[PDB]
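Here's the letter readout for the chains.
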Number of protein chains: 2
Amino acid sequence: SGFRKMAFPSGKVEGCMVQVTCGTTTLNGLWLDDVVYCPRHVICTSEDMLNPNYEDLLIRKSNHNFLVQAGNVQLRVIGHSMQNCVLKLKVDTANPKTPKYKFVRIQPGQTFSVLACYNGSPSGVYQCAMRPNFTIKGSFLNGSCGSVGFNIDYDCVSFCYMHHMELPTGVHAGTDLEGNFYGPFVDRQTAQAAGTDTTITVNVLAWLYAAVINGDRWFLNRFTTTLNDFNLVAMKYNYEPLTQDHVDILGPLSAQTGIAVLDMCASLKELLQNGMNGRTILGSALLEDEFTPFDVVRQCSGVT
Amino acid sequence: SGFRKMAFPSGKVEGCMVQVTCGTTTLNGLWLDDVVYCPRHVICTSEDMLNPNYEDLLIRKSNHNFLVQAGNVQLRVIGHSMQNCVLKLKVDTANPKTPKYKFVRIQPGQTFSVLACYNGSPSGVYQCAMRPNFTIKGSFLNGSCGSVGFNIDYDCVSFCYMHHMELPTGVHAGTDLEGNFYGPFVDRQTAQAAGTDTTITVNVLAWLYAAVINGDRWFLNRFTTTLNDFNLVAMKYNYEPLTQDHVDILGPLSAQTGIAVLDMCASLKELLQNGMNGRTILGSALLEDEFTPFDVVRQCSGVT
Ligand SMILES: Cc1ccncc1NC(=O)[C@@H]1CCOc2ccc(Cl)cc21
Ligand SMILES: Cc1ccncc1NC(=O)[C@@H]1CCOc2ccc(Cl)cc21
């Protein structure tokens with residue numbers, strides 16, 4: 001019992017973190033096999049960031065200009081290439097701590113752990129969701145660029161995020177490990193619209209199931225709803241419309257608790273329309289949307 | 001910018017986790033140097049737990065009855081001893097992944113990371129506080145016993161908690177690494193009073209400073225208070241009385257923000273008396289007490 005915003009154990013990712021320096025700029029890199037991946041803005045000065053021509057800036061750099069370090073290990077750079085907004089620095093040594101890994105592009109609404117790093121050193125780990133508007137609400141300061149997001153299935157680390165930027169609004173933006181930004185963002189110092197965000201309905205419902213499993217049940221009611229009725233309420237409250245695919249993903253939680261998905265939707269509808277009335281659910285005074293139905297199943301069953 | 005419930009990177013602790021089996025019972029152990037530490041109830045059956053005589057139960061066990069495994073590594077047990085509620089199994093091999101470590105007894109109100117484990121395998125990591133009543137509100141299922149809590153300062157892991165039990169109320173209880181329970185708890189299947197808990201005032205104030213640092217300022221007001229006046233409000237709302245030692249620990253945050261500690265106390269007083277009025281602070285709709293002033297300084301400065 002108990003339900004926490006749990007992150008994946010970060011050890012396999014800690015063994016991949018390196019410091020990458022180019023000129024006056026230092027950030028984090030991810031060393032997998034004989035390649036170090038890092039944000040391409042490592043080649044920029046603060047002045048360059050207003051409107052960088054990355055192709056031109058990278059042409060003035062050679063392999064020896066990229067200093068890659070992992071504590072007492074200095075890596076020898078034998079190749080460099082830019083792929084979208086990431087640099088791939090080929091090194092002469094394969095990382096002996098390379099875990100089994102994959103590079104994945106996660107969907108909005110999915111969750112992942114972030115290993116926040118500074119100067120190639122891990123500072124902390126936290127769980128977060130990729131918002132529907134493709135931003136993340138992380139905890140990042142200058143120097144955290146290159147810190148990565150990931151998920152772990154058994155012995156395989158699926159890297160899904162690399163940190164690049166903080167928007168003027170304080171929210172965060174980054175790329176997949178092929179350097180493609182999530183969202184409309186560009187890697188330049190310009191004000192950029194994140195766009196309207198919404199609450200991840202399927203995740204709030206998964207978290208309400210987690211609440212019932214762990215004993216928080218005060219929000220259960222004698223009502224039911226339909227997908228159409230619930231979606232009129234979701235519209236009013238800036239929630240993502242619920243689809244049958246979402247209902248389908250909630251199947252295991254509905255089966256375990258015996259609470260029909262649309263019955264749980266009626267509870268969510270009443271909480272949206274009336275608020276919490278000064279009460280809490282799983283230690284929260286708001287409707288939590290950073291737990292996917294898969295996260296709930298995993299945490300409630302103790303998967304390792 | 002951004003502020004998250006961040007846990008320490010768990011890698012150094014993952015390398016210490018082992019599975020300990022004794023008879024029909026399997027739980028987690030912590031392998032440091034040539035000793036494996038685990039809850040002494042590993043020697044009990046479910047029937048034994050109603051009123052176990054641990055000394056008698058342990059007398060029926062020999063070194064070869066404790067099966068210690070770390071994946072493909074089976075450890076050879078050459079000694080066993082009980083220290084309070086923990087067993088210390090001497091093994092013939094020192095853990096090659098032993099980090100620099102210390103065993104510490106944390107104070108109530110302090111925070112730490114928990115690496116939740118099952119069958120010797122890490123499942124997740126989360127940050128939590130030791131409640132003033134010496135319980136923790138974790139996320140633990142059967143088999144998570146032996147999972148540990150810790151803090152990290154540079155390269156040293158200070159182990160402060162080992163998980164033992166879930167109270168009938170769903171909250172958790174455990175020991176320091178010398179096997180002394182935090183709180184009045186005993187390791188037996190009996191209903192046990194946790195006692196009145198309180199909110200960690202100094203931590204809520206530290207978190208209000210973190211909010212101001214990250215741009216959430218709506219709660220700042222034109223008021224001030226005294227320690228005496230604030231403590232009358234703290235009493236009414238089941239908050240820990242604020243002392244000059246607490247004010248002293250908030251000094252760095254007061255200096256950084258320019259907001260006097262008693263001025264921040266007046267903001268906390270108004271939030272206690274009026275609530276949040278449907279607003280949020282750092283993504284929370286309640287007053288968060290799981291961040292110490294040290295946690296705020298560390299996260300806001302990116303310490304690794
Ligand atoms: C300061 C900070 C904090 C948290 N995360 C990231 C940062 N850093 C940035 O955003 C840097 C500095 C500012 O200008 C830009 C512009 C574009 C890009 Cl891709 C990077 C950056
Ligand atoms: C089931 C569970 C869940 C989470 N954390 C822990 C547990 N396990 C327990 O509490 C076990 C089983 C029940 O009886 C007792 C009694 C005393 C002690 Cl020390 C241990 C236990």
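Residues numbered from 1 in each chain as written, not as in the entry; some residues may be left out. Chains lettered and ligands numbered in written order. Heavy atoms only, no water.

If you check the header, you'll see the entry was determined by X-ray crystallography and the resolution is listed as 1.551 Å.

If you check the PDB entry, chain A appears there as 3C-like proteinase from Severe acute respiratory syndrome coronavirus 2. The title line of the PDB record says "Group deposition SARS-CoV-2 main protease in complex with inhibitors from the COVID Moonshot -- Crystal Structure of SARS-CoV-2 main protease in complex with MAT-POS-b3e365b9-3 (Mpro-x11809)".

A. Up close: the site of ligand 2. Residues and elements named next belong to chain B. The environment of ligand 2 is made up of 14 residues, and the closest members are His 41, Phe 140, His 163, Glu 166 and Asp 187. Residue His 163 places a side-chain N or O atom 2.7 Å away from a nitrogen atom belonging to ligand 2. In this structure, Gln 189 approaches ligand 2 through a side-chain N or O atom, which is 3.4 Å from an oxygen atom. Residues belonging to the shell around ligand 2 are distributed by class as follows: 5 nonpolar, 6 polar and 3 charged. (Near = heavy atom within 4 Å. Polar contact = N/O pair within 3.5 Å; in protein donor to acceptor, adjacent residues only side chain to side chain. Nonpolar A, V, L, I, M, F, W, Y, C, P; charged D, E, K, R; others polar.)

B. Up close: helix α4 (residues 227-236) of chain B. Residues and elements named next belong to chain B. When α4 is considered as a whole, its buried residues turn out to be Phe 230, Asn 231, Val 233 and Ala 234. Down the axis of α4, the sector holding all buried residues measures 160 degrees, keeping them to one side. Within α4, the exposed residues directed more than 90 degrees away from the buried face are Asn 228, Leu 232, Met 235 and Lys 236. Its buried side turned inward, α4 meets α3 (201-213) and α7 (261-274). One or two residues past the end of α4 sits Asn 238, with phi positive at roughly 55 degrees. (Buried < 20%, exposed > 50% of the residue type's maximum accessible area, 1.4 Å probe, protein only. Helix = DSSP H or I, 4+ residues; strand = E, 2+ residues; numbered from the N terminus. Arc of directions from axis to C-beta. Contact = heavy atoms within 4.5 Å.)

C. Seen up close, the nonpolar core. Ranked by internal contacts, the top residues of the largest apolar core, which has 40 residues, are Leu 30 and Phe 159 of chain A together with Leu 30 and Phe 159 of chain B. With sequence-adjacent residues up to four places away left out, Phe 159 of chain A is seen in contact with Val 13, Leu 30, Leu 32, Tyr 101, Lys 102, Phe 103, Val 104, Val 148, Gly 149, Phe 150 and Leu 177 of chain A. (Core = buried A, V, L, I, M, F, W, Y, C linked by side-chain atoms within 4.5 Å.)

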